[PDB]
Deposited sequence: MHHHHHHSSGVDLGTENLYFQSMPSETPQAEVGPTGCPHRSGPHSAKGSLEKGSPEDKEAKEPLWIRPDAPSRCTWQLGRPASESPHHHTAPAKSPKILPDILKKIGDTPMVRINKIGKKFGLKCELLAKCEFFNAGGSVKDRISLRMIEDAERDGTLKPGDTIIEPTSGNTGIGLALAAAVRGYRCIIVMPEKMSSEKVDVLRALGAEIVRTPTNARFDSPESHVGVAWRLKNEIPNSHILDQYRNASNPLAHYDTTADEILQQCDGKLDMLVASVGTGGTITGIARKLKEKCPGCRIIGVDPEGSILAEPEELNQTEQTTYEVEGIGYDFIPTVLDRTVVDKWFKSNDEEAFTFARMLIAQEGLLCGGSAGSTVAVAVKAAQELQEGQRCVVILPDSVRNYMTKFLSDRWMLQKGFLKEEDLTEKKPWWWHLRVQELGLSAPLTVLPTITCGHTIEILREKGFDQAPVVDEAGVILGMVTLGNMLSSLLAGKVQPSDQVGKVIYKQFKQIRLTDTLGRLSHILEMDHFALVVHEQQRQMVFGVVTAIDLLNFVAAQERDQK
C-alpha cells in the first residue's frame, strides 16, 4: 500500500528553471472544429466577471470567476481525470480495456468514468457515504461500478475510501489506481493548463487567487505557475471547518470533523498539496458555503456547487484589502447538478438548519373569499357537463363520486375544445377529458403554503378535517386577491 499523505519528493523550488523538470508538460493543442470525442471539451473554461456579490460585500476590486463547471463532466476534475489517463497511457501503465479504480469524493470519479466510457476502460469508483445521490446517478449512467465507505472512517483505516480502493486493486488483475492524491498529473494539469488560461484571460494581471482545497492539485498547480509568472499574486486557500489542511494549525481547533460541503477538506495532507505556495488560509463553514452558492445562482446566474460558495464566501473577506483597479480570481469547481436535492432544496436547507416575505404570505386561504363549487358525478356525460356549467354559471367543476371521493376537475373550456376537435362525443363519460391531478389544501393553510403548492399543481382544492369542497383556487385567484388588495 502507498499512503496518500507520504511526504513529497518533488524538488521543485521557486527560481528553478523549467528545463530541470523531470515531468512531461503538455502544451495547449489547437482544437479542431469538429471534436473527435467529448474529452476534447475539457479546459478553456470561461472567466466571468462577478457583478453584484463583490459590490454587496464592499469589495472595491474586480472579482472574476473561473467557471470549471462547463467541462464535459461538469467539474474541474475532468482536467485531472483526462491528464492522469493520458500520462498513464503514455507511460505504458494503462493498457487497452484495463480497470481503473479511484477513491474519490465524486468529481474525479465522474471524470474518470466519462473517459472510461469513451475509451473502453472498466471503471470502479470508491466514494464516501456522505456524497450526493446525484453523483451516484451520473456514475451509474456512465457505467461505473460504485463502492461506498463510511464518511467518518479515518483515512488509514481499512474501510476508508483510500483503503478500500487499494484492497479492490489487490483483488482485480490488470487494475490500476491512478491516485489523485499522489499523481503529479493532477497538479501538473493545473500548472500547464488552468494556470495558463487564467494568465491569458487576465492579460497576465492578477492580484489575488482564491481556491478551495481538496487534493490540493488546483491551488498547488496554479500557485507554482503564478509564483513564477506573477509573484505579486496572493494565493488564498479555503479549507472547511473540520479539515486539517489549513495553516497555521491553530486555525483547525474544533471537535467537529464532519460537514455537508462536498469535495474539499481532508483528515490528512495529500502528497500533491504544496502548502508552502499558499500565502494565507481561511476556514469556511457549511452555512456560508450554501448561502453563497445560492447567491451565485440567484444574483449572477452561475449554476455552481457548494465549494464554489465556500470560495466566494472567503473571497469577499480576503479581497477587502484590494483597491479599485486590482483583481481577485476565484475558482468555481463544480455544478449545481451534483446538489439538486441538497442545498438547492429549501426543505433540505431547513432540515439541516441552514436557513423577506410578501405582505400576504402569512394570511390564510379562507381570506380569498371562496365560492362554494358546483360538483358533478363521474357518471356525467361530456354533453351534460357543458350544459350544467353554462346553465349554472361555473367554468369548472370538481368531479366527486357518491362516497365523496374527489376524482379530479373538468372545465367548460377544455370540454368544449375537446368536443369541437372530435376527441370526445357528447354522450361519452368524462374519463378522457378529466384533469386527475390536483392538490388538497386547508381553509386554515397560509397563502405562502398555497403559493408553494401552485409551483407543482394548477388546482388547489380547499378542504377541512372537520368531505366537503370549500373552493377551487388557482394562481389567477391568488393574483386577483393580491392585486385587488393593493389597488
(message) Let me make sure I understand the coverage. Which parts of the deposited sequence, in order from the N-terminal end, have no C-alpha coordinates here?
(response) 1 to 64, 420 to 426, 538 to 539, 561 to 563
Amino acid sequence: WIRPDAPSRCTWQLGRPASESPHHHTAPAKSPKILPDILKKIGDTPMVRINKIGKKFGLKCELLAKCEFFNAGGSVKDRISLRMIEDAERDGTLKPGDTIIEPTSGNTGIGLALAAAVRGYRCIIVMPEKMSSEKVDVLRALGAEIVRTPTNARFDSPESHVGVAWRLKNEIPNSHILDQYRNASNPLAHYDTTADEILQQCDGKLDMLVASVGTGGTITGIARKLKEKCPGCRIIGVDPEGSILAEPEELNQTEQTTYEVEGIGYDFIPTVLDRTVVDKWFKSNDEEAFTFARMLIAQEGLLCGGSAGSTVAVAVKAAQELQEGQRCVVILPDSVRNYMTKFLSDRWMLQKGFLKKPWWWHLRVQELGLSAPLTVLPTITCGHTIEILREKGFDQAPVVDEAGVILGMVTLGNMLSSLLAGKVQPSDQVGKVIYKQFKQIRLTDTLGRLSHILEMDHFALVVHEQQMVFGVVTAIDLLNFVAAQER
From here on, numbers count along this sequence of modelled residues.
(request) Using only the Cα atoms and their B-factors as the entry lists them, report which of 412 to 420 and 374 to 382 averages higher. (result) 374 to 382
(request) Decide which of the stretches 261 to 269 and 222 to 230 has the higher mean C-alpha B-factor, going by the entry. (result) 222 to 230
(request) By the entry's C-alpha temperature factors, tell me which of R275, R122, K342, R79 sits highest. (result) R275
(request) Have a look at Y181, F155, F290, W359 and flag the one whose Cα has the highest B-factor in the entry. (result) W359
(request) Looking at the entry's B-factor column for C-alpha atoms only, identify whether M468 ranks in the lowest, middle or highest third of its chain. (result) highest
(request) Looking at the entry's B-factor column for C-alpha atoms only, identify whether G92 ranks in the lowest, middle or highest third of its chain. (result) highest
(message) Per the entry's values, where does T151 land by CA temperature factor relative to the rest of its chain, in the lowest, middle or highest third?
(response) lowest
(message) Using the temperature factors of the C-alpha atoms in this entry, rank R327 within its chain: lowest, middle or highest third.
(response) highest
(request) Divide the modelled residues of the chain into thirds by Cα B-factor and specify which third, lowest, middle or highest, holds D445. (result) middle
